Every structure is written in C-alpha cells, then in structure tokens.
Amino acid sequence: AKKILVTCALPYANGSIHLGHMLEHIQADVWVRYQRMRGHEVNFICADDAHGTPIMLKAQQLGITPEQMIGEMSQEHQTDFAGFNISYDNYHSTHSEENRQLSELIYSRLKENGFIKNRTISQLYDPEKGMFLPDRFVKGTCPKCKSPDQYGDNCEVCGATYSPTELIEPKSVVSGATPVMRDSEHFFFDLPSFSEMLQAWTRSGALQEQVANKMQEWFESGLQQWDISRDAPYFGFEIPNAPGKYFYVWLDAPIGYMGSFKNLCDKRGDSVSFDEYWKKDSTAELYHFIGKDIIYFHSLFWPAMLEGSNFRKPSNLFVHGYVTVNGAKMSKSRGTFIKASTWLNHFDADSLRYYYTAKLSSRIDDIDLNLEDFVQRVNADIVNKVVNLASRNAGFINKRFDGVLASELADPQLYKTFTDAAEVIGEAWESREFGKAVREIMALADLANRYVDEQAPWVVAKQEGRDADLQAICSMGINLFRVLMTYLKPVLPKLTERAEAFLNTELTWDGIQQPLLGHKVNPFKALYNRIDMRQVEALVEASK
C-alpha cells in the first residue's frame, strides 16, 4: 500500500563502475525487490553525476565534447548495472533539462528565503588557461621536505599537509603556467541557519545510531556555510542573473534524485506523482542508500536545502560501509581493484549478489569480499544447499512420474516450519538485516536437505514397489525448494527465473501458503554450476 522512492548515490561520470559501487546498488536492489514482492509502489531512481571541472578537463584532454564523453560513460554504467540486474525504474543524468529547471527553482527559493550569501574568495588561478584551479590541479614542491612534483594539499613523501598556496614553485597541472591568487564572488548556502532543525533530526531515532553519533561531532565543530557556485569555464548549469557563474555540484548533484524522478513522471505522462512524492505534505516514503563518505552531505546539507526550498526531507538514510577485498582496500597492484564489467567476464551476477547479501547488515561496517571464502560459500550454499534440493529430486519426478508432483505433502508439519519463517525472514529483509535473513534461509536449507537424507531417495528408488514413496519424497523436497527460492528471490534474480521455469510458476511471497500439488514441473539443465579458485586467479590477473 506504500509509495516508496528509493535512490542510490549517483555514480560519477568519469570512472567505471567497480565492486564498491556494486555493494551499494545490490544492497538497494535487494531491498527494492523485496518491497515490490510485498505489493508496494516502489520507484527505484538513479542517474550519472555528470558535471564539473574534472569532467570538463578530461573531455578537453580526449578532444571530444563533454556531452559525448558523459554519454559514453552513461551507457557503460547502465550496461554494467543491467548485467547485475539492478532494477531501476529510471536511470537519468544530472545533465538534463529536468535538473536544470529544478536547480534553478531551488536556488531561486533559497535566495528569496534569505539562505544564499555572497562572499568574495581568493583562489589560485591559471592565467594562461584562464581558469581557477581546484587544489588537485596545482602541483609544486613540498614546503616542508622540498620534494618536487607534489599535488594539491599534501605531500606523498613526508606526509605534510598544507594549503596549495604554500607549495614552492607552483605549476598548473592544466597548462604548466605559474598560478596566481585571484578574487571571485561566490554564493554560499547558509546551512548554519538550519542547525536546530538538523539537531532535532539526529535525536529522533530514525537514523542509524552510528550515523547519528557522527553528526554530533559535526555539530560540535560547528556547521559552516557551503559554496554552491563555480566560475566559468565550467561544464554545468549557469546561475540565473549571475553571468559567468555556475552551480557547483553540491547543489546540482542531489537535485538529480529529483530530476530523475521528474523525468520518469514526464515520460509516463504522469502529471501528479512528482508533487505527491516531493511536496512537504507527502505521505510517500523517501529513502537514500549511500556510503560512509557522503553522510555529512545527505544528513545536513541536503535536508536543509529541501526544507529551505519547500520540499519534503528524506524519511531515512540507509548507510553502508566500504568494500574490502581479502581484508584490505582494493589494490590495483594486487589485482583487487575489480571493475563490474570485468567481474561478469568470470562470474555471474547472482554469485556476488549472494555473497554481499550474506555479509550485509543494518550497520555501517565494512563488507569484506574474501575471494577464497567467496568460492567456498557460493558452492556450499547455492549449489550444495539450495539448488541441491531441486537437482537431487527433479530427475526422479521427470523420469518416473512424467513431471508430476504428488497430490499431497509428505510432511505437512515440516512444510509449515518453512512457511512460518516468512515473517522473520521478511522482517529481516525489511530492516536491512540481510545477513540474518540469509542465515535463516540457509538453516532451513539445511533442514530440507536433512529431511531428504533421512528419507534416502537413492535407496527408495532401487526398491521394488516404492514408486509412491519416491514421488512423495522428491515432491516434498521440490516444495521446500519453492519456498526457499521465494525467500531468495530478491537476492538471486537470474537463478529465480530459472527456478520459475522449472517449477512452472511465478514465485510470490504469499504463494508459499499453497504448495505445488498434482502439478507439472519441467526438466532443466544445470540450475547453477560450481565455481573454483582458478576463476578467482583469472579475475585477479585480468584486473592488474
């Protein structure tokens, strides 16, 4: 009955999708698929974050327009996400008319409401190229240790940090020219005016405890005003009434959440849903799945901007930790910085979806992809626990019973044990306690395989006169498989499709209450094959 709008953070347009992005998009997709299974109206919304100085400069380096470059990367990203079955209702771009109109609208309301301040700043400027330089486009000699060729605000030899204005013999990374200090008028969002409102959000109990604790540190330090403008030359949207000034990504990137939804509504010819979801009086739910590095933005700047422009605020923020591989941050030299596209050359999507889901929880702790454990766990749980219930039983049904399952459950009390677990498992999906859900599902899978072992169909099948017993045993196992695959349907979309083809039925959450009786199933080739460490080694080699 609920109306739910769910986002993931917008991938930056100047890098390929990697396993860190995939943790976030898979986590959100599992949640979204569960919510759809429970009958809710769900809109899963994302987009590429496509503006700014690094994008402008990279396109100039490539000798193509920024529009061409971001279009190519948007296609690459969407191809990768589609390969992992991320079920967006719309994937748009911050470089869009919807985002331009919403950025202009929000800015105009913030300004009319007194929340935009003008301030003159001083920044390093490349007088040959004719542009202000972000810190990382200034290089020079470390003032402390005198090491040459250091970039931005820190030295990678001695570890010192300093303003780039302290670098010795500074050079523009863009042109090689010596930069100079130049003043410019910038426009700032008066975030400190929302401090009391934001403090009340933190105490409310909606947010992850770990997230609320971080916000307390930020209130202690004191909220600052945030620059929302950039000078030309820029790739982005110009500020009304301010020639030569553009919206900085702080302002336009999250508006892409709104612009992507507006695009979806407009393409559908739906003239009511945008306001229904984003007006202050909305009864729809708004959730953002994000990582640890963007908590401050989404918990402080973003709700303040929405409040100040007369829009509703997020219902909650769902924050996850970082991905590690083999216990450490992804490492290019070790081949553990793994692209989504590369992953799919070696493994299917369901394997990684399962592995991350088995590790995920409602906390912000990091998620480790241990590659040895990945092989062991996929083979143990998918191949040998869940799919085994179908593969060990379906042959007898197809070959000796014309594909027809028994007319009654052999063990109705065991079946009820499995259906009774739906409440706790669904609550675990709902609360983002994914690891708890998987543990419960796999405990049931162990109980199902225990049942089959106890009945010993490989013995019954060779014994004269026991056809009916064999059909009963094997049909019971297949019905337990039906239930387990329903619980795993948010996690394993492709395996689920194969299971539905075998079972001749769509799997629905409520459908488990009606077992398959006197019901024709289909033959299948392997539903899921084993993986091995040779494939892991190949993936690692390919990623170096």
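Start at 1 with the first residue shown and count on from there.
Can you tell me whether 211 to 219 has a higher mean C-alpha B factor than 289 to 297 in this record, or the other way round?
Comparing averages over the C-alpha atoms only gives 211 to 219.
Where do the C-alpha atoms have the higher mean temperature factor in this entry, in 464 to 472 or in 252 to 260?
Stretch with the greater average CA B-factor: 464 to 472.
Among 29, 510, 497, 48, where is the Cα temperature factor highest, going by the PDB entry?
That would be 510, according to the entry.
Options 491, 59, 37, 485 - largest CA temperature factor per the record:
Each of 491, 59, 37, 485 was compared by C-alpha B-factor; the highest is 59.
Lowest, middle or highest third of the chain for the C-alpha temperature factor of residue 316?
Lowest third, going by the recorded CA B-factors of the chain.
Place residue 22 in the lowest, middle or highest third of its chain's C-alpha B-factors, as listed in the PDB entry.
Lowest third of the chain for residue 22's C-alpha B-factor.
Please say which third, lowest, middle or highest, residue 477 falls into when its CA temperature factor is compared across its chain.
Its C-alpha B-factor belongs to the lowest third of this chain's values.
Ranked by Cα temperature factor within the chain, is residue 9 in the lowest third, the middle third or the highest third?
Residue 9: CA B-factor falls in the lowest third of its chain.
Hey, what third does residue 399 fall into on Cα B-factor, ranked over its chain?
For residue 399, the deposited C-alpha B-factor lands in the highest third.
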